file query-v6.cif (mmCIF, N, CA, C and O atoms)
data_query
#
loop_
_atom_site.label_atom_id
_atom_site.label_comp_id
_atom_site.auth_asym_id
_atom_site.auth_seq_id
_atom_site.Cartn_x
_atom_site.Cartn_y
_atom_site.Cartn_z
N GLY A 1 30.06 22.26 15.82
CA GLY A 1 30.60 21.82 17.14
C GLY A 1 29.57 21.06 17.96
O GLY A 1 28.49 20.72 17.45
N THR A 2 29.93 20.78 19.24
CA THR A 2 29.07 20.06 20.21
C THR A 2 28.66 18.67 19.66
O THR A 2 27.52 18.24 19.78
N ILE A 3 29.66 17.96 19.05
CA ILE A 3 29.49 16.66 18.35
C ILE A 3 28.36 16.78 17.29
O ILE A 3 27.18 16.62 17.59
N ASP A 4 28.76 17.15 16.07
CA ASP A 4 27.85 17.31 14.93
C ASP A 4 27.32 15.93 14.50
O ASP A 4 28.08 15.10 13.99
N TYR A 5 26.03 15.69 14.75
CA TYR A 5 25.35 14.42 14.44
C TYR A 5 25.00 14.32 12.94
O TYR A 5 24.51 13.28 12.51
N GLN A 6 25.26 15.40 12.17
CA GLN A 6 24.99 15.49 10.72
C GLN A 6 25.58 14.30 9.91
O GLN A 6 24.93 13.79 9.00
N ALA A 7 26.81 13.88 10.27
CA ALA A 7 27.49 12.74 9.62
C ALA A 7 27.02 11.40 10.21
O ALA A 7 27.04 10.38 9.53
N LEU A 8 26.56 11.43 11.47
CA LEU A 8 26.29 10.22 12.28
C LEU A 8 24.95 9.51 11.92
O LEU A 8 24.48 8.68 12.70
N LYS A 9 24.36 9.80 10.74
CA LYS A 9 23.11 9.13 10.28
C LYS A 9 23.41 7.70 9.77
O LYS A 9 23.50 7.45 8.55
N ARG A 10 23.59 6.77 10.72
CA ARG A 10 23.81 5.34 10.47
C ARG A 10 22.93 4.54 11.44
O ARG A 10 23.32 4.28 12.58
N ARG A 11 21.71 4.21 11.00
CA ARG A 11 20.77 3.39 11.79
C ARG A 11 21.12 1.91 11.58
O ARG A 11 21.55 1.24 12.53
N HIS A 12 20.95 1.42 10.33
CA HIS A 12 21.35 0.07 9.90
C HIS A 12 20.71 -1.05 10.77
O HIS A 12 21.32 -1.52 11.74
N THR A 13 19.47 -1.43 10.43
CA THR A 13 18.79 -2.58 11.06
C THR A 13 19.01 -3.84 10.19
O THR A 13 18.54 -3.89 9.05
N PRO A 14 19.79 -4.86 10.71
CA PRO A 14 20.16 -6.10 9.95
C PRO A 14 18.94 -6.84 9.34
O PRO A 14 19.00 -7.31 8.20
N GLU A 15 17.86 -6.91 10.12
CA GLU A 15 16.62 -7.60 9.73
C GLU A 15 15.42 -6.93 10.44
O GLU A 15 15.63 -6.15 11.39
N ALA A 16 14.19 -7.18 9.94
CA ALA A 16 12.96 -6.80 10.65
C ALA A 16 12.85 -7.64 11.94
O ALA A 16 12.30 -8.75 11.95
N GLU A 17 13.50 -7.11 12.98
CA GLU A 17 13.59 -7.72 14.32
C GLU A 17 12.56 -7.08 15.29
O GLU A 17 12.36 -7.57 16.41
N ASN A 18 11.94 -5.99 14.83
CA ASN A 18 10.90 -5.25 15.56
C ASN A 18 10.15 -4.37 14.52
O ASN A 18 10.81 -3.58 13.83
N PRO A 19 8.79 -4.52 14.36
CA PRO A 19 7.98 -3.73 13.37
C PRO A 19 8.12 -2.19 13.54
O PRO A 19 7.37 -1.55 14.29
N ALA A 20 9.13 -1.63 12.85
CA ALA A 20 9.46 -0.18 12.85
C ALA A 20 10.42 0.12 11.68
O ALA A 20 10.05 0.77 10.69
N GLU A 21 11.66 -0.40 11.80
CA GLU A 21 12.73 -0.26 10.78
C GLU A 21 12.98 -1.63 10.10
O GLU A 21 12.64 -2.66 10.68
N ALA A 22 13.58 -1.61 8.89
CA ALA A 22 13.68 -2.79 7.98
C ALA A 22 12.27 -3.28 7.58
O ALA A 22 12.08 -4.41 7.12
N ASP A 23 11.30 -2.36 7.70
CA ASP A 23 9.89 -2.56 7.38
C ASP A 23 9.48 -1.67 6.20
O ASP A 23 8.31 -1.62 5.85
N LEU A 24 10.44 -0.98 5.58
CA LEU A 24 10.17 -0.06 4.46
C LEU A 24 9.62 -0.85 3.24
O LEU A 24 10.29 -1.78 2.78
N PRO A 25 8.38 -0.54 2.73
CA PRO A 25 7.76 -1.25 1.56
C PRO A 25 8.66 -1.23 0.29
O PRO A 25 9.04 -0.15 -0.19
N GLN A 26 9.00 -2.42 -0.23
CA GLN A 26 9.91 -2.58 -1.38
C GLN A 26 9.13 -3.12 -2.59
O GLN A 26 8.72 -4.29 -2.60
N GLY A 27 8.92 -2.26 -3.59
CA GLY A 27 8.22 -2.62 -4.82
C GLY A 27 7.17 -1.59 -5.19
O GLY A 27 6.65 -0.89 -4.32
N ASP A 28 6.84 -1.52 -6.49
CA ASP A 28 5.89 -0.53 -7.05
C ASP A 28 4.48 -0.70 -6.46
O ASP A 28 3.78 0.28 -6.20
N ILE A 29 4.08 -1.97 -6.24
CA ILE A 29 2.76 -2.31 -5.69
C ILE A 29 2.72 -1.99 -4.19
O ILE A 29 1.73 -1.46 -3.71
N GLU A 30 3.81 -2.30 -3.47
CA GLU A 30 3.92 -1.99 -2.03
C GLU A 30 3.87 -0.46 -1.79
O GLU A 30 3.32 -0.01 -0.80
N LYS A 31 4.44 0.31 -2.73
CA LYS A 31 4.46 1.79 -2.68
C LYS A 31 3.11 2.38 -3.11
O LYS A 31 2.72 3.44 -2.62
N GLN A 32 2.41 1.69 -4.03
CA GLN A 32 1.07 2.10 -4.49
C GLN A 32 0.07 1.97 -3.33
O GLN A 32 -0.65 2.92 -2.99
N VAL A 33 0.08 0.79 -2.69
CA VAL A 33 -0.76 0.47 -1.54
C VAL A 33 -0.39 1.36 -0.34
O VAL A 33 -1.27 1.90 0.33
N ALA A 34 0.93 1.56 -0.11
CA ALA A 34 1.44 2.39 1.00
C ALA A 34 0.93 3.83 0.90
O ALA A 34 0.37 4.36 1.85
N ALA A 35 1.12 4.44 -0.29
CA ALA A 35 0.77 5.84 -0.55
C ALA A 35 -0.72 6.12 -0.28
O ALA A 35 -1.06 7.09 0.40
N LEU A 36 -1.58 5.22 -0.78
CA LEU A 36 -3.05 5.35 -0.68
C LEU A 36 -3.53 5.11 0.77
O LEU A 36 -4.45 5.80 1.23
N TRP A 37 -2.89 4.17 1.47
CA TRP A 37 -3.16 3.92 2.91
C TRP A 37 -2.77 5.16 3.75
O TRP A 37 -3.48 5.53 4.67
N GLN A 38 -1.66 5.83 3.38
CA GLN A 38 -1.16 7.03 4.10
C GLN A 38 -2.10 8.25 3.95
O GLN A 38 -2.02 9.19 4.75
N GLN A 39 -2.99 8.21 2.94
CA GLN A 39 -4.00 9.27 2.71
C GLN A 39 -5.25 9.02 3.57
O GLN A 39 -5.62 9.86 4.41
N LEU A 40 -5.89 7.85 3.35
CA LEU A 40 -7.17 7.49 4.00
C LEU A 40 -7.00 7.23 5.52
O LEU A 40 -7.85 7.64 6.31
N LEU A 41 -5.90 6.54 5.91
CA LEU A 41 -5.56 6.33 7.35
C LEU A 41 -4.97 7.62 7.96
O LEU A 41 -4.99 7.79 9.17
N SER A 42 -4.43 8.50 7.08
CA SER A 42 -3.82 9.80 7.47
C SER A 42 -2.60 9.59 8.39
O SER A 42 -2.51 10.15 9.49
N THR A 43 -1.65 8.76 7.91
CA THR A 43 -0.46 8.34 8.68
C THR A 43 0.82 9.04 8.17
O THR A 43 0.81 9.65 7.09
N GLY A 44 1.92 8.91 8.95
CA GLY A 44 3.24 9.39 8.52
C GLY A 44 3.81 8.53 7.40
O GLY A 44 4.09 9.02 6.30
N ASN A 45 3.94 7.22 7.67
CA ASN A 45 4.37 6.22 6.69
C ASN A 45 3.96 4.82 7.17
O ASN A 45 4.54 4.30 8.13
N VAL A 46 2.93 4.23 6.53
CA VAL A 46 2.60 2.81 6.73
C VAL A 46 3.68 1.93 6.07
O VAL A 46 4.10 2.17 4.93
N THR A 47 4.13 0.92 6.82
CA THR A 47 5.20 0.00 6.41
C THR A 47 4.62 -1.36 5.96
O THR A 47 3.43 -1.60 6.12
N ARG A 48 5.49 -2.24 5.41
CA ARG A 48 5.08 -3.57 4.87
C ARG A 48 4.29 -4.42 5.89
O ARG A 48 3.31 -5.08 5.53
N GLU A 49 4.71 -4.38 7.18
CA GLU A 49 4.10 -5.19 8.24
C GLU A 49 3.12 -4.37 9.09
O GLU A 49 2.79 -4.75 10.21
N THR A 50 2.65 -3.26 8.53
CA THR A 50 1.54 -2.49 9.10
C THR A 50 0.21 -3.16 8.72
O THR A 50 -0.04 -3.45 7.54
N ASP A 51 -0.63 -3.39 9.74
CA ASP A 51 -1.98 -3.93 9.55
C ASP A 51 -2.98 -2.76 9.48
O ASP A 51 -3.00 -1.89 10.36
N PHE A 52 -3.80 -2.79 8.41
CA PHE A 52 -4.72 -1.71 8.02
C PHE A 52 -5.58 -1.20 9.18
O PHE A 52 -5.56 0.00 9.51
N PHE A 53 -6.31 -2.13 9.82
CA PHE A 53 -7.35 -1.81 10.81
C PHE A 53 -6.74 -1.32 12.15
O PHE A 53 -7.33 -0.47 12.82
N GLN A 54 -5.55 -1.83 12.49
CA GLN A 54 -4.81 -1.42 13.70
C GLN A 54 -4.25 0.01 13.53
O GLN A 54 -4.07 0.74 14.51
N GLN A 55 -4.01 0.39 12.27
CA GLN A 55 -3.38 1.68 11.91
C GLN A 55 -4.44 2.81 11.76
O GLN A 55 -4.22 3.81 11.07
N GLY A 56 -5.59 2.63 12.42
CA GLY A 56 -6.71 3.58 12.34
C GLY A 56 -7.64 3.27 11.19
O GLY A 56 -8.41 4.13 10.76
N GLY A 57 -7.57 2.02 10.70
CA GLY A 57 -8.45 1.55 9.65
C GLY A 57 -9.75 1.01 10.19
O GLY A 57 -9.82 0.51 11.32
N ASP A 58 -10.79 1.12 9.38
CA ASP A 58 -12.13 0.60 9.70
C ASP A 58 -12.68 -0.09 8.44
O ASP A 58 -12.09 0.03 7.37
N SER A 59 -13.77 -0.83 8.59
CA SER A 59 -14.49 -1.43 7.45
C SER A 59 -15.08 -0.34 6.53
O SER A 59 -15.08 -0.47 5.31
N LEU A 60 -15.55 0.76 7.15
CA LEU A 60 -16.10 1.94 6.46
C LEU A 60 -14.97 2.65 5.69
O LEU A 60 -15.11 2.98 4.50
N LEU A 61 -13.84 2.86 6.39
CA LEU A 61 -12.63 3.48 5.83
C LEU A 61 -12.08 2.61 4.68
O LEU A 61 -11.62 3.13 3.66
N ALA A 62 -12.21 1.29 4.84
CA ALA A 62 -11.78 0.29 3.85
C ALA A 62 -12.60 0.39 2.56
O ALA A 62 -12.07 0.23 1.48
N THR A 63 -13.92 0.66 2.72
CA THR A 63 -14.85 0.83 1.59
C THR A 63 -14.41 2.01 0.68
O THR A 63 -14.44 1.91 -0.55
N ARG A 64 -13.94 3.10 1.32
CA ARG A 64 -13.41 4.27 0.61
C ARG A 64 -12.03 3.96 -0.04
O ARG A 64 -11.78 4.30 -1.20
N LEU A 65 -11.15 3.30 0.75
CA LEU A 65 -9.73 3.03 0.40
C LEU A 65 -9.61 2.10 -0.82
O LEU A 65 -8.75 2.32 -1.70
N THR A 66 -10.48 1.08 -0.87
CA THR A 66 -10.56 0.14 -2.01
C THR A 66 -10.81 0.88 -3.33
O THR A 66 -10.31 0.48 -4.38
N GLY A 67 -11.57 1.99 -3.23
CA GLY A 67 -11.87 2.89 -4.35
C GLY A 67 -10.62 3.40 -5.09
O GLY A 67 -10.54 3.26 -6.31
N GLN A 68 -9.64 3.95 -4.34
CA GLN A 68 -8.37 4.46 -4.92
C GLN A 68 -7.60 3.35 -5.66
O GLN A 68 -6.97 3.58 -6.70
N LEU A 69 -7.66 2.13 -5.09
CA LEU A 69 -7.01 0.95 -5.66
C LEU A 69 -7.71 0.51 -6.97
O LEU A 69 -7.03 0.07 -7.90
N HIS A 70 -9.05 0.67 -7.04
CA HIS A 70 -9.84 0.40 -8.27
C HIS A 70 -9.35 1.29 -9.41
O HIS A 70 -9.12 0.84 -10.54
N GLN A 71 -9.16 2.56 -9.07
CA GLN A 71 -8.72 3.60 -9.99
C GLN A 71 -7.25 3.36 -10.41
O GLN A 71 -6.85 3.71 -11.51
N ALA A 72 -6.47 2.73 -9.50
CA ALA A 72 -5.07 2.30 -9.77
C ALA A 72 -5.01 1.09 -10.72
O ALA A 72 -3.94 0.76 -11.25
N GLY A 73 -6.17 0.43 -10.93
CA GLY A 73 -6.28 -0.75 -11.80
C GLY A 73 -6.03 -2.05 -11.06
O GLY A 73 -5.54 -3.02 -11.64
N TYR A 74 -6.31 -2.04 -9.75
CA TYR A 74 -6.23 -3.23 -8.87
C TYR A 74 -7.58 -3.46 -8.19
O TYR A 74 -8.17 -2.53 -7.62
N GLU A 75 -8.08 -4.70 -8.27
CA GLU A 75 -9.32 -5.09 -7.61
C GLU A 75 -9.08 -5.26 -6.10
O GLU A 75 -8.29 -6.11 -5.67
N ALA A 76 -9.71 -4.36 -5.34
CA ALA A 76 -9.62 -4.31 -3.89
C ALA A 76 -11.02 -4.48 -3.30
O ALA A 76 -11.94 -3.76 -3.68
N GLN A 77 -11.16 -5.44 -2.39
CA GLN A 77 -12.44 -5.73 -1.72
C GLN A 77 -12.25 -5.67 -0.20
O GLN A 77 -11.11 -5.74 0.29
N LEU A 78 -13.38 -5.54 0.52
CA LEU A 78 -13.40 -5.58 1.99
C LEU A 78 -12.84 -6.93 2.46
O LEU A 78 -12.00 -6.99 3.35
N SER A 79 -13.29 -8.01 1.79
CA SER A 79 -12.87 -9.39 2.06
C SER A 79 -11.34 -9.58 1.96
O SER A 79 -10.76 -10.30 2.75
N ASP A 80 -10.71 -8.88 0.99
CA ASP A 80 -9.24 -8.94 0.80
C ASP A 80 -8.48 -8.21 1.92
O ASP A 80 -7.37 -8.59 2.25
N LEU A 81 -9.08 -7.16 2.49
CA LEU A 81 -8.47 -6.39 3.60
C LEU A 81 -8.62 -7.13 4.95
O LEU A 81 -7.73 -7.07 5.80
N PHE A 82 -9.75 -7.85 5.14
CA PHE A 82 -9.97 -8.69 6.34
C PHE A 82 -9.15 -10.00 6.25
O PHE A 82 -8.73 -10.55 7.27
N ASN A 83 -8.92 -10.49 5.02
CA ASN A 83 -8.13 -11.71 4.75
C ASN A 83 -6.62 -11.39 4.76
O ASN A 83 -5.80 -12.21 5.18
N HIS A 84 -6.27 -10.17 4.31
CA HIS A 84 -4.88 -9.69 4.22
C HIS A 84 -4.79 -8.32 4.92
O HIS A 84 -4.97 -7.28 4.26
N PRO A 85 -4.57 -8.28 6.27
CA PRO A 85 -4.46 -7.01 7.02
C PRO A 85 -3.11 -6.31 6.74
O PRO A 85 -3.05 -5.08 6.64
N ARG A 86 -2.03 -7.11 6.65
CA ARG A 86 -0.66 -6.64 6.35
C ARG A 86 -0.59 -5.93 4.97
O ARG A 86 -1.27 -6.35 4.03
N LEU A 87 0.25 -4.89 4.87
CA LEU A 87 0.40 -4.08 3.63
C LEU A 87 0.94 -4.95 2.49
O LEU A 87 0.29 -5.07 1.45
N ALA A 88 2.12 -5.55 2.70
CA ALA A 88 2.82 -6.35 1.68
C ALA A 88 2.01 -7.60 1.28
O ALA A 88 2.04 -8.03 0.12
N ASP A 89 1.26 -8.14 2.25
CA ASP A 89 0.43 -9.35 2.08
C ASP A 89 -0.82 -9.05 1.23
O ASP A 89 -1.28 -9.89 0.45
N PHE A 90 -1.35 -7.82 1.39
CA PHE A 90 -2.48 -7.31 0.59
C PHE A 90 -2.00 -6.91 -0.82
O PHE A 90 -2.71 -7.12 -1.81
N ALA A 91 -0.79 -6.36 -0.90
CA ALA A 91 -0.15 -5.98 -2.17
C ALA A 91 0.16 -7.24 -3.01
O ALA A 91 0.17 -7.19 -4.25
N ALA A 92 0.37 -8.37 -2.30
CA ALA A 92 0.60 -9.68 -2.92
C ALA A 92 -0.68 -10.25 -3.57
O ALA A 92 -0.60 -10.94 -4.59
N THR A 93 -1.86 -9.96 -2.97
CA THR A 93 -3.15 -10.54 -3.43
C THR A 93 -3.82 -9.70 -4.53
O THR A 93 -4.80 -10.15 -5.13
N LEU A 94 -3.30 -8.48 -4.80
CA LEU A 94 -3.88 -7.58 -5.83
C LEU A 94 -3.68 -8.14 -7.25
O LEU A 94 -2.57 -8.53 -7.63
N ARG A 95 -4.78 -8.19 -8.01
CA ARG A 95 -4.78 -8.56 -9.44
C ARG A 95 -4.99 -7.30 -10.29
O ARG A 95 -5.73 -6.39 -9.87
N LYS A 96 -4.33 -7.24 -11.46
CA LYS A 96 -4.55 -6.16 -12.44
C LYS A 96 -5.98 -6.27 -13.01
O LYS A 96 -6.29 -7.19 -13.78
N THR A 97 -6.84 -5.35 -12.59
CA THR A 97 -8.19 -5.18 -13.13
C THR A 97 -8.15 -4.48 -14.49
O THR A 97 -7.37 -3.53 -14.69
N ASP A 98 -8.99 -4.97 -15.42
CA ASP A 98 -9.27 -4.26 -16.67
C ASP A 98 -10.09 -3.01 -16.34
O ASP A 98 -11.25 -3.12 -15.92
N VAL A 99 -9.46 -1.83 -16.48
CA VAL A 99 -10.12 -0.52 -16.26
C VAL A 99 -11.27 -0.32 -17.30
O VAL A 99 -11.31 -1.04 -18.30
N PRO A 100 -12.26 0.61 -17.06
CA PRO A 100 -13.37 0.88 -18.03
C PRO A 100 -12.91 1.16 -19.49
O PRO A 100 -13.65 0.90 -20.45
N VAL A 101 -11.66 1.67 -19.62
CA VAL A 101 -11.02 2.02 -20.92
C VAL A 101 -11.86 3.08 -21.66
O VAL A 101 -12.66 2.76 -22.55
N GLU A 102 -11.72 4.35 -21.22
CA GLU A 102 -12.44 5.50 -21.80
C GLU A 102 -11.93 5.81 -23.22
O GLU A 102 -12.70 6.19 -24.11
N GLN A 103 -10.62 5.64 -23.40
CA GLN A 103 -9.95 5.72 -24.70
C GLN A 103 -9.58 4.29 -25.16
O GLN A 103 -8.61 3.72 -24.64
N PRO A 104 -10.38 3.66 -26.08
CA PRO A 104 -10.03 2.36 -26.68
C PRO A 104 -8.71 2.44 -27.48
O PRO A 104 -8.69 2.85 -28.65
N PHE A 105 -7.60 2.11 -26.79
CA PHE A 105 -6.24 2.11 -27.37
C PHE A 105 -6.16 1.12 -28.55
O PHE A 105 -5.56 1.41 -29.59
N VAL A 106 -6.78 -0.05 -28.35
CA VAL A 106 -6.96 -1.08 -29.38
C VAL A 106 -8.20 -1.95 -29.03
O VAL A 106 -8.11 -2.98 -28.34
N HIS A 107 -9.38 -1.46 -29.44
CA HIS A 107 -10.67 -2.16 -29.27
C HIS A 107 -11.69 -1.62 -30.28
O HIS A 107 -12.29 -0.56 -30.06
N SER A 108 -11.86 -2.34 -31.41
CA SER A 108 -12.86 -2.02 -32.44
C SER A 108 -14.18 -2.76 -32.14
O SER A 108 -14.20 -4.00 -32.09
N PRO A 109 -15.30 -2.02 -31.86
CA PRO A 109 -16.65 -2.62 -31.69
C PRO A 109 -17.40 -2.79 -33.04
O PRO A 109 -16.92 -2.34 -34.09
N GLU A 110 -18.57 -3.46 -33.00
CA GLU A 110 -19.36 -3.77 -34.22
C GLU A 110 -20.30 -2.61 -34.59
O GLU A 110 -21.06 -2.14 -33.74
N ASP A 111 -20.25 -2.15 -35.85
CA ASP A 111 -21.10 -1.05 -36.35
C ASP A 111 -22.47 -1.60 -36.85
O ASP A 111 -22.52 -2.35 -37.85
#

call {"tool": "encode", "arguments": {"input": "query-v6.cif", "output": "structure tokens"}}
result
Amino acid sequence: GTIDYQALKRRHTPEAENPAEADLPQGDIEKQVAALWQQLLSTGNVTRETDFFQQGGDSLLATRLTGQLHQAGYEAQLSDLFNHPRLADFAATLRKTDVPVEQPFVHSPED
């Protein structure tokens, strides 16, 4: 009773008309970058148009954060975070790094 709002969950934002809703990160890379930013920045949910440094990010914090991305197999630098503050824009500039490869899946060296 008392007008049950349980059914009334219809927000529906047509477009990103204000950085809040319709800002949900779309893609595996956007979610990889989002998840790791939500740990180091210690946020509820960083969105696609969230800027790292404004969201409680620092150059020092960035030095730590790039680390998780290295382990994810993406080359992350301080220069890339200052050049690409936006989440989706930084997720766009990430290249697949060749990891150290502890288990050579297919790599025969010379005896």

call {"tool": "residues_around", "arguments": {"input": "query-v6.cif", "residues": "segment 50-59 of chain A", "least_positions_apart": "4", "cutoff": "6 Å", "atoms": "only N, CA, C and O atoms", "output": "PyMOL selection string"}}
result
chain A and resi 40-41+46+63-64+85-88

call {"tool": "residues_around", "arguments": {"input": "query-v6.cif", "residues": "residue 13 of chain A", "least_positions_apart": "6", "cutoff": "8 Å", "atoms": "all atoms listed in the file", "output": "compact mmCIF listing (two decimals) with N, CA, C and O atoms, keeping the file's coordinate frame"}}
result
# COMPACT_ATOMS: atom_id res chain seq x y z
N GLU A 21 11.66 -0.40 11.80
CA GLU A 21 12.73 -0.26 10.78
C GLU A 21 12.98 -1.63 10.10
O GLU A 21 12.64 -2.66 10.68
N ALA A 22 13.58 -1.61 8.89
CA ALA A 22 13.68 -2.79 7.98
C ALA A 22 12.27 -3.28 7.58
O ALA A 22 12.08 -4.41 7.12
N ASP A 23 11.30 -2.36 7.70
CA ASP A 23 9.89 -2.56 7.38
C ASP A 23 9.48 -1.67 6.20
O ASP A 23 8.31 -1.62 5.85

call {"tool": "axis_aligned_box", "arguments": {"input": "query-v6.cif", "around": "segment 91-99 of chain A", "padding_each_side": "4 Å", "output": "lines of an AutoDock Vina configuration file"}}
result
center_x = -5.4
center_y = -5.6
center_z = -9.6
size_x = 19.9
size_y = 18.6
size_z = 25.4

call {"tool": "select_by_dssp", "arguments": {"input": "query-v6.cif", "residues": "segment 27-105 of chain A", "states": "strand (DSSP E or B)", "output": "JSON, numbers by chain"}}
result
{"A": [51, 74, 86, 96]}

call {"tool": "closest_residue", "arguments": {"input": "query-v6.cif", "among": "A:32, A:11, A:61, A:48", "to": "residue 89 of chain A", "atoms": "only N, CA, C and O atoms"}}
result
A:48

call {"tool": "atom_distance", "arguments": {"input": "query-v6.cif", "atom1": "atom C of residue 103 of chain A", "atom2": "atom CA of residue 74 of chain A"}}
result
18.3 Å

call {"tool": "select_by_dssp", "arguments": {"input": "query-v6.cif", "residues": "segment 23-84 of chain A", "states": "helix (DSSP H, G or I)", "output": "ChimeraX atom specification"}}
result
/A:28-40,59-71,78-83

call {"tool": "residues_around", "arguments": {"input": "query-v6.cif", "residues": "residue 97 of chain A", "least_positions_apart": "2", "cutoff": "6 Å", "atoms": "all atoms listed in the file", "output": "short mmCIF file (atom, residue, chain, number, x, y, z; two decimals) with N, CA, C and O atoms, keeping the file's coordinate frame"}}
result
data_model
loop_
_atom_site.label_atom_id
_atom_site.label_comp_id
_atom_site.auth_asym_id
_atom_site.auth_seq_id
_atom_site.Cartn_x
_atom_site.Cartn_y
_atom_site.Cartn_z
N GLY A 73 -6.17 0.43 -10.93
CA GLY A 73 -6.28 -0.75 -11.80
C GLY A 73 -6.03 -2.05 -11.06
O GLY A 73 -5.54 -3.02 -11.64
N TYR A 74 -6.31 -2.04 -9.75
CA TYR A 74 -6.23 -3.23 -8.87
C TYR A 74 -7.58 -3.46 -8.19
O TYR A 74 -8.17 -2.53 -7.62
N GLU A 75 -8.08 -4.70 -8.27
CA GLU A 75 -9.32 -5.09 -7.61
C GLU A 75 -9.08 -5.26 -6.10
O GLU A 75 -8.29 -6.11 -5.67
N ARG A 95 -4.78 -8.19 -8.01
CA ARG A 95 -4.78 -8.56 -9.44
C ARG A 95 -4.99 -7.30 -10.29
O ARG A 95 -5.73 -6.39 -9.87
N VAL A 99 -9.46 -1.83 -16.48
CA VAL A 99 -10.12 -0.52 -16.26
C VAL A 99 -11.27 -0.32 -17.30
O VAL A 99 -11.31 -1.04 -18.30
#

call {"tool": "atom_distance", "arguments": {"input": "query-v6.cif", "atom1": "atom CA of residue 35 of chain A", "atom2": "atom CA of residue 104 of chain A"}}
result
28.5 Å
